[PDB]
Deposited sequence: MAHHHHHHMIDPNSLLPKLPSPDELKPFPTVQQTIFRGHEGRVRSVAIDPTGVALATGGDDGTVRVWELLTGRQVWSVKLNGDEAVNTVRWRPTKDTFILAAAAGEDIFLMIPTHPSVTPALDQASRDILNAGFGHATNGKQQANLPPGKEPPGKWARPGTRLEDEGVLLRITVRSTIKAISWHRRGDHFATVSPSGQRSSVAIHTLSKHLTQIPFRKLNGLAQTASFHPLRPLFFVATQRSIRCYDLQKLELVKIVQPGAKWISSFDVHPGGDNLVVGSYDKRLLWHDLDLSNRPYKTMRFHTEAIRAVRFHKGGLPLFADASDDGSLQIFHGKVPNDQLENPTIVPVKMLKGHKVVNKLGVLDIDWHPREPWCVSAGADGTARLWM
């Protein structure tokens, strides 16, 4: 009901461009401290950047033949560990960065080494080789099929990977402190697209093409099935309070789910002429979320979760961000918010990452 003018602050302008990648930038991720950006793309390189200036401070080529599909930081500030998926491997590395003191390096290495010696398998843990080791890449985890999604648990000892063509092994939970990889959900039936942990509870969301399955992690049992009513789900994100979802789809529908009231969508939002590639909630208290589409644009929304005063979520579109160039019918592929500020970064098929504020 309110107008965008009353709903400040939200990003309106392009302010920093990250250049260096060749081919599509498939993923973007800002470090836990909001100081650095991480990117991965077609050229199979992972690149870490000085966020506001847009300076590349570190990079590594993990695999010559495989593009980096996704990059996700470990959400802990006591370490500086970055995860990257290329092909069927997961790489855990410590980017060379001014924040990495001798102390922080050691703390990070200890976290990566702890699992060692804990008494076609789901996961293969090993050193990645001297070349990658020299650049700070310390672990390679090999799963059965190509990885399209990485999702950390907030405490940073668990992370999930999703391989849409892995069939029975499409969804894996990895435990860092044990170097353990499990396939805990065996009749999931449908093509797993992505997954996420829960911000406050021991729950786990798995998105298939048409629905999102919610699991009890303690019992490994299905609790409920969220029904977005989309023909192909591309992405979803959980609100920090754990009771709300935004869902993106190739059908071009953006969906808000009020989990407390029903398993069907509360609102359906169509602001794109092409498929939606990614959705992301701001995780630091600002009532904002955004979607990314192949039409080259990002739509920023005002989204307030229900409370005392609010019987329903207040959803108001505030700004559409344009600037990414569409290449081969691909536009914006990934989004991430700053931990505290109303700033978002976008992954572009045009070979760039762009900072908006």
{"property": "Deposited-sequence ranges lacking C-alpha coordinates, in sequence order", "result": "1 to 18, 138 to 150"}
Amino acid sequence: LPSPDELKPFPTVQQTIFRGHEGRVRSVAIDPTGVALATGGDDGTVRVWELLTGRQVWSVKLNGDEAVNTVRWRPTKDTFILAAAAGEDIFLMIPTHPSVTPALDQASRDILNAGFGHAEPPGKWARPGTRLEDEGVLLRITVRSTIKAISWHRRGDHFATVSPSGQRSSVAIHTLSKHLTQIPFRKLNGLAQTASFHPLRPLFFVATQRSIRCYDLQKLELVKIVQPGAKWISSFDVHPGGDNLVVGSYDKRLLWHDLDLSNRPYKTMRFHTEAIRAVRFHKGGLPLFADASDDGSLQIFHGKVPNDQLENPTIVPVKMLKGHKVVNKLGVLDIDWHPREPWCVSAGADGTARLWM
From here on, numbers count along this sequence of modelled residues.
query: Residue range whose averaged C-alpha B-factor is higher in the record, 66 to 74 or 304 to 312; finding: 304 to 312
query: 184 to 192 versus 159 to 167 - greater average Cα B-factor per the deposited record; finding: 184 to 192
query: Residue, from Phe197, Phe80, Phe281, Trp232, that the PDB entry assigns the highest Cα B-factor; finding: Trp232
query: Out of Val238, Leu254, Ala85, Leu286, residue topping the C-alpha B-factor column of the entry; finding: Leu254
query: Entry-reported Cα temperature factor of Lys148, expressed as the chain third it lands in; finding: lowest
query: Chain third (lowest, middle, highest) by recorded CA B-factor, residue given as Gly23; finding: highest
query: Entry-reported Cα temperature factor of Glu50, expressed as the chain third it lands in; finding: lowest
query: Chain thirds of CA B-factor: placement of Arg264; finding: highest
query: For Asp31, the third of its chain into which the C-alpha B factor falls; finding: lowest
